């Protein structure tokens, strides 16, 4: 009972859309004959272009080559466009008569509901909405099972906080189970994954990327995450936080605490004098450090409680650059006394769309 081509999955965000497409490479002479024109041209449209209209982009470097999907050999392609271009996408769906190939389209993402009726009225498609976390996890595990063209899908950072020594290093453990997934959007969900068909949300924290943005907008008068990060990257949090060395003069060995460990986040801001001279850049950085250090702590304690040694970090909170990621890397190493690393994934951001595609094969 194999679903017919073409095979797509989508992740429709509030601001960003991701689309994944499987290109079959093993199409028989018999199949090529019975295939309708509509399909033939979408397939050639997808594979001969890497830019689609004003905003569509195929990330060629992410292409997974020579894999198996539902018993067929081919390649997986990763495409992106902003949500504002979505009306044009749905209009493309109508012009290319997509409904003649499929009545439905699998999609996850917080933006999906916004567009469900447009899909029906403009393209005569049913958007079949899926859970973000189930899609993420299924997509992640699939991409990890097939590998990144013989290279590792996973990576970590060595000496993250020292830009003189910081280095992305691959992590080639073939068997990822069990693992802990730390999903950081506006809030944070932490899932133990024991197998493809066996996982559960163990806990989470409300102190996430939206706390970071909410607090910076309030504290610094910025409006976007990009602004918040740009300030958080030039800042010095030690002006805002009271450190152990400020209380004890150095380490406090009795408590196993080094001088550079934070005693109280925002502790300097209890003084009116210090508040009146603090920089917008320092407040932003302090906000980011507080949140990343706290996520590292909670991730470490969960890893211990669940007896899991692999902690994988994904989510919106990690996009734009690597400031977030390197601070989480530092935090994980701190709380774990060097015994756990923060692990990250090359295909981060596309896992939802891959999990949506995979829904096609559930029967």
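Positions refer to the first chain, counted from 1.
- 196 to 204 and 92 to 100 differ in mean CA B-factor, and the higher of the two is recorded for 92 to 100.
- Averaged over their C-alpha atoms, the temperature factors of 140 to 148 and 155 to 163 are higher for 155 to 163.
- Per the PDB entry, 322 shows the highest C-alpha temperature factor of the residues 303, 295, 322, 314.
- The PDB entry gives the largest Cα B-factor of the residues 119, 212, 81, 252 to 252.
- In the PDB entry, a CA B factor belonging to the lowest third of its chain's modelled residues is recorded for residue 131.
- When the modelled residues of the chain are ordered by their C-alpha B factor, residue 60 lands in the middle third.
- Among the modelled residues of its chain, residue 36 has a C-alpha B-factor that falls in the highest third, as given in the PDB entry.
- Annotation for residue 114: CA B-factor lies in the middle third of the chain's modelled residues.
- Annotation for residue 291: CA B-factor lies in the lowest third of the chain's modelled residues.
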